[PDB]
Amino acid sequence: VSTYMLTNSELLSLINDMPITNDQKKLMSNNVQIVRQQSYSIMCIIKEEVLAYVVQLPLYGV
Amino acid sequence: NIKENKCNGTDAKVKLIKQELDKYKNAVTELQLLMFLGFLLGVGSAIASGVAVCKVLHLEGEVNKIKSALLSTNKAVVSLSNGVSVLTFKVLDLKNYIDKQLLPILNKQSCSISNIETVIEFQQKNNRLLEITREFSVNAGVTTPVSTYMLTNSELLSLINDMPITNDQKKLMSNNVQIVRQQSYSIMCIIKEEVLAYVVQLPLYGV
Amino acid sequence: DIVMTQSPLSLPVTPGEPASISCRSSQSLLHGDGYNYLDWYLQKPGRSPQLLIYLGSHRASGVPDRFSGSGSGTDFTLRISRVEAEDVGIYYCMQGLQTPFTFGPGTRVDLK
Amino acid sequence: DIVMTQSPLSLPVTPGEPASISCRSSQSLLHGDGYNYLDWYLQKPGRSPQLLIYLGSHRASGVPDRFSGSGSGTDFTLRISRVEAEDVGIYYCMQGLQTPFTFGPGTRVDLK
Amino acid sequence: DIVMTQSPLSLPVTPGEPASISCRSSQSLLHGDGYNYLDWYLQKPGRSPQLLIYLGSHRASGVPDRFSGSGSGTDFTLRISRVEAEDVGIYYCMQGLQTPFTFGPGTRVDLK
Amino acid sequence: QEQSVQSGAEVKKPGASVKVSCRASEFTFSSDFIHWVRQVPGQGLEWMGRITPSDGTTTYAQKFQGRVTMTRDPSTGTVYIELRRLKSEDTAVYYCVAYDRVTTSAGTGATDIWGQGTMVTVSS
Amino acid sequence: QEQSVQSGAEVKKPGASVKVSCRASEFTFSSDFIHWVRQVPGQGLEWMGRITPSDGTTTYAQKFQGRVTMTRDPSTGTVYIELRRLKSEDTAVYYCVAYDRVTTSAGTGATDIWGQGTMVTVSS
Amino acid sequence: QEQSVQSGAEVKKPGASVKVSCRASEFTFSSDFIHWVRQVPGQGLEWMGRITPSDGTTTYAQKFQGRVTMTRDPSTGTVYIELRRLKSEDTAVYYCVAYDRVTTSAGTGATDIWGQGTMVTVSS
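Residue numbers (this note's numbering), protein chains in the order written: chain A, 1 to 62; chain B, 1001 to 1207; chain C, 2001 to 2112; chain D, 3001 to 3112; chain E, 4001 to 4112; chain F, 5001 to 5124; chain G, 6001 to 6124; chain H, 7001 to 7124.
So this is what it looks like as structure tokens:
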């Protein structure tokens, strides 16, 4: 995902609001380049004057 | 270096300038935070000299020496610790436009800019810098090949001419700048002391 | 020093019509590099004076969008786009070129 | 209501020299949020009136680039950059603030 | 042809205060597509005349930022933002519409 | 900008009532007002009245108050004006015009279309 | 823009000296000048003098030359003004104001803050 | 902006003919007109005539019509002016100037260069 699709502040807010533990948030918030490198974006339905798409962020487990 | 903004004017020009300054600060903060027969070849590393150059740069006070040795001329030859000879080059200018003109007036109570071309010039320079920082941001710190943003045509030609090599190699490489640009590399390097420096790695044809 | 005059010395105003006050100066107040050095101050009865116009034709914080300044050289005019009922008081004209600073006599504006 | 006057009441014009007509109003026509509410209408002999200037200093469709308006407050001026031989007729001044709408007496412009 | 006049015919100036000179013309100098066709020339005693203002309100090479022009139609004004001690001489007003070219009488400016 | 959309000439007698109809479906532009303007030959214009085509709210002049009646027929979006007791002096020309103006933070829009106009005269 | 930062009222006698103190740590804005302005009731303003808080350079008016003394205490960044031999007529109000202005190639900055003001009167 | 490009002084007698030459190759700027301006000392300027260096079209003034001849030599791009029957009063200074102006939709360009000027006098 490019900078145009997701700004730094929005990504940090999403990471903070992500329902995970604290160690994972600490490890992922200091390496935003890596978590951005492995993400994905899907373009979705267009209707009712509103445009919505899907962003897929990895969830580190080990 | 920019720290904060205090003036709360109403005119739209102040709003545009403040928005562009905020974009500049966000880009600077982001860059700060960024700190057949095929199996008989070998897994030798590609980028190694740039890593060594950046590691030498990261040492104590070398960047200060480089900055103090490039105050009068934009192009010079500086020597680092141990023993090495690396060319250094300065691009753009942001130590005079934003520190002498906009900063002394924004940090006030009743700022007001009675002009319109300054917005265009500031947006052009900020667009260039933001393009550089965004292209570093997307590619996770390593880019290839180097785009036009990191190295312009005239600067590349000057670097090739100043490269300590023979004449035939210079003649062969200056007529095919696309190929020599295709095989180059760029490494983002230390950020400190209000000066940003990175490393460009250019191939040196031998046969 | 520098001697200033204002015009008029009395100007009743109606809630809905514009108004204009003129400051006339001595030898030109115009500086070098650019911009004049004249200011318009307001004072309500009893309170402390508040800045209205600075450096000729600019505005500070506050001062809602109905005050303006104009002029270049030795004559300057303060113009109200649409006066309200909260502009009664005294107006002062100030210079900033040399430093025998001299405020004007002061123009009184009251509701009619 | 609101009473308007025009100046002059007769103005012959030469094909190649500029011209100016002034509309004077009663208590200020200036609205709130912004912009005046005065219009300049044109009428040729026989045809139907056509809009010339709307909302002070703007232009509608048509009206080739030789008409302009100016003024702020209670006095307004309509200025012709370079008149031609097809501008004979009657000019009218109109308001839009309250709703006792009152056109002006009308200024007659003829070729000299 | 076309007859031009200048005002005034004598204007002493002081080093630190502005100055203004007016050129008045015959039947309008205004061209078609756009822009006027009047120029202001300067002449020092002894040397060759040098252009000061061209095409109404523009500036050529040189002419430091204290000279300006203004006006539209038949009257034009040349204004000095802040005169210096090197502006003594003679000023001339020139037209460029037809080709019986005529210069003005010439305004003399001297130090007081 | 004459659109040639009006009724025909009318000749009447004192003491009667006169009706003028203007159709507002051929103005080629949407309008929020249908202001009526009368003009006696040899003099200037004079504002007469207005009705909103959306609902039918009427705004008159003080002199014409209590004498003129405005109505709207939505069959073809037509407006009718009725004057009563034409005590002479009413020989004039009537125009139905489209007149709308809107202002915003940055930009002003306007629409002004004048009609052909009808001639109403009264005589013995 | 009154900030309500001054001393209290003062009543004195002819032939004595008067002292007025203004603290420049609560202006909420950095200032390069602390100009003092006096005003007699029923009349207009009049400049009195200025001192730079950075070093302490003083500049007075010709009329007040040789009579008024300005000093700066860096314990809390406060300014003191001393007037001597109040030969009547000095019953007035004194204001300490922050007054800075800077100009550049494109853009001008200003900072002007007035104080509450103290009242100094002399009587038998 | 004096360029120091002109001929020398000339002293003549009544009833003869005078020739003044101006070379238009050292003006450092391309020009479309080579207007000639005469000036008698103690008075103002006055237009004399023009010729286009491209082809040689001549435009004179009514007073000087039928007396002055303007020609162009393309050997070095030089212009000659010839006056006949100098019935006194012609003691003056002559300047050859480059004078071009062009206008477009957005932007106006001009080029004005004055010469050193020669002095022509007639006496017994």
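Backbone N, C-alpha and C fix where the C-beta goes; we use that ideal spot for every residue, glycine too.
Around the beta carbon of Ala6106 of chain G, 16 or more other beta carbons lie within 10 angstroms, which makes this residue buried.
Inclusion of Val5093 of chain F and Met5119 of chain F in the CB contact set at 9 angstroms is warranted, their separation being smaller than that value. Under the rule that a run must span 4 or more residues, the alpha helix (DSSP H) segments found entirely inside the stretch 1064 to 1145 of chain B read 1103 to 1106 and 1117 to 1138. Taking the beta carbon of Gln1109 of chain B as reference, the chain G residues within 7 angstroms of it are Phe6029, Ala6110 and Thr6111, listed in sequence order.
Listed along chain H, no residue sits closer than 7 angstroms to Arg4059 of chain E by beta-carbon distance, the nearest being about 10 angstroms off.
Chain-ordered listing is empty here: chain C has no CB closer than 9 angstroms to the CB of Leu3038 of chain D, the nearest sitting near 15 angstroms.
In this structure, DSSP gives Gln1178 of chain B a helical state, which the three-state scheme calls helix. Here DSSP, grouped into helix, strand and coil, assigns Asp1022 of chain B to helix.
By the 16-neighbour rule on beta-carbons within 10 angstroms, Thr5111 of chain F is buried.
Annotation: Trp6036 of chain G has no Cβ neighbours in chain C at a cutoff of 7 angstroms; minimum Cβ distance is about 11 angstroms. The contact set of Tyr2054 of chain C on chain B, defined by CB atoms closer than 7 angstroms, consists of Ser1110 in chain order. Residue environment: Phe7029 of chain H is assigned as exposed (fewer than 16 neighbouring CB atoms within 10 Å of its CB, all protein chains considered).
Close to chain E, meaning a Cβ-Cβ distance shorter than 7 angstroms, is no residue of the stretch 2091 to 2106 of chain C at all. Your pair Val4003 of chain E and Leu4111 of chain E does not check out as a contact, with CB atoms roughly 31 angstroms apart and the cut at 8 angstroms. A residue is called buried when at least 16 other Cβ atoms come within 10 angstroms of its Cβ; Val7037 of chain H meets this threshold and is buried. Under DSSP, the beta-bridge partners assigned to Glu6082 of chain G are G:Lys6019 and G:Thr6069.
With respect to chain C, the C-beta atom of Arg4082 of chain E has a partner C-beta closer than 9 angstroms.
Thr5118 of chain F carries a strand assignment under DSSP once its states are collapsed to helix, strand and coil. Distance from the Cα of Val5005 of chain F is smallest, within the candidate group F:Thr5104, F:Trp5114 and F:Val5102, for F:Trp5114.
DSSP places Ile1160 of chain B outside any beta strand (DSSP E); the residue lies instead in the alpha helix (DSSP H), whose first and last residues are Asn1153 to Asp1162.
Taking a Cβ-Cβ threshold of 8 angstroms, the residues of chain F close to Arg3047 of chain D are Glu5002, in chain order.
When rounded, the separation of the alpha-carbon atoms in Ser3070 of chain D and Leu1092 of chain B is 46 angstroms. The shortest CA-to-CA distance from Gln2050 of chain C to any of G:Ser6124, G:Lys6087, G:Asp6090 and G:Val6097 is the one to G:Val6097. Near chain E, meaning a CB-to-CB distance below 7 angstroms, the residues of the stretch 7042 to 7054 of chain H are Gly7044, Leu7045, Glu7046 and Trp7047.
When rounded, the separation of the alpha-carbon atoms in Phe6064 of chain G and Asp4065 of chain E is 41 angstroms. The Cβ-Cβ distance between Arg1181 of chain B and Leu1204 of chain B does not fall below 9 angstroms.
Across the structure, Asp1099 of chain B and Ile1105 of chain B are spaced so that their CA atoms are roughly 10 angstroms apart. For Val6037 of chain G, the secondary structure class from DSSP, reduced to helix, strand or coil, is strand. Counting along the chain, the unbroken beta strand (DSSP E) around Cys2093 of chain C starts and ends at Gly2089 to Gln2095. Under the 10 Å beta carbon count, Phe1036 of chain B is surrounded by fewer than 16 other beta carbons and is classified as exposed. Fewer than three pairs of CB atoms, one per stretch, sit closer than 8 angstroms, so the stretch 3090 to 3100 of chain D makes no contact with the stretch 4044 to 4060 of chain E.
Separation of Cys44 of chain A and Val1 of chain A (C-alpha to C-alpha, rounded to the nearest whole angstrom) is 15 angstroms. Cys7096 of chain H is bridged by DSSP to H:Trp7036. The straight-line gap separating the alpha-carbon atoms of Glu2084 of chain C and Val6020 of chain G is approximately 38 angstroms. Contact check for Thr2074 of chain C and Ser2025 of chain C: beta-carbon distance about 5 angstroms, within the 8 angstroms limit, so the pair qualifies. The residues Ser6021, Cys6022, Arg6023, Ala6024, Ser6025 and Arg6072, in chain order, have a CB closer than 8 angstroms to that of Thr6078 of chain G in the same chain once the five nearest residues on each side in sequence are set aside.
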